[PDB]
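Residues per chain, in single letters:
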Amino acid sequence: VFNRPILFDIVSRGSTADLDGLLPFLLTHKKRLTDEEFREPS
């Protein structure tokens, strides 16, 4: 349940409760926080 515009939005608020669920998401989907999908362009 995490893509680019949501992650950038959640951390901007300052609430780690909403982002409880990355640690399932990165692992079972083969995702990293250095991919082009989780990084803005240019």
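Check the entry above for the structure.
A brief structural summary. (Residues numbered from 1 in each chain as written, not as in the entry; some residues may be left out. Part of a larger assembly, values for the part shown. Heavy atoms only, no water.)

A closer look at the pattern of salt bridges
All chains considered together, the criterion is met by 3 salt bridges. Residues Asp9 and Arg13 are paired through a salt bridge, measuring 2.9 Å at the closest nitrogen-oxygen approach. One end of the pair, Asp9, and the other, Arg13, are both in helix α1 (residues 4–13), 4 residues apart, so they sit about a helical turn from each other. Among the residues examined, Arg13 registers a relative accessible area of 55% and is labelled exposed. Of the charged contacts in the structure, one is a salt bridge between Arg39 and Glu36, with a shortest N-O distance of 3.2 Å. (Salt bridge = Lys/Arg side-chain N within 4 Å of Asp/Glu carboxyl O. Helix = DSSP H or I, 4+ residues; strand = E, 2+ residues; numbered from the N terminus. Buried < 20%, exposed > 50% of the residue type's maximum accessible area, 1.4 Å probe, protein only.)

Focus on the packing of aromatic side chains
Tallying each qualifying case throughout the model produces 2 aromatic pairs. Between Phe2 and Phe25, the ring centres sit 6.3 Å apart and the planes meet at 75°, which makes this aromatic pair edge-to-face. Within this pair, whereas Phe2 is found in the segment before α1, its partner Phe25 is found in helix α2 (residues 22–28), the two being separated by 23 residues in sequence. With a relative accessible area of 7%, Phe2 lands in the buried category. A relative accessible area of 10% places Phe25 in the buried class. When the centroid spacing of 6.3 Å and the interplanar angle of 40° are considered together, the rings of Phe25 and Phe38 count as tilted. Placement of the pair is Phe25 in helix α2 and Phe38 in the segment after α2, with a sequence separation of 13 residues. Across the pair, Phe38 and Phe25 agree in class, each one buried. By the ring-pair criterion, three or more aromatic residues cluster together here, those being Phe2, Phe25 and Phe38. (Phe/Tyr/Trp six-rings, centres within 6.5 Å; stacked < 30°, edge-to-face > 60°.)

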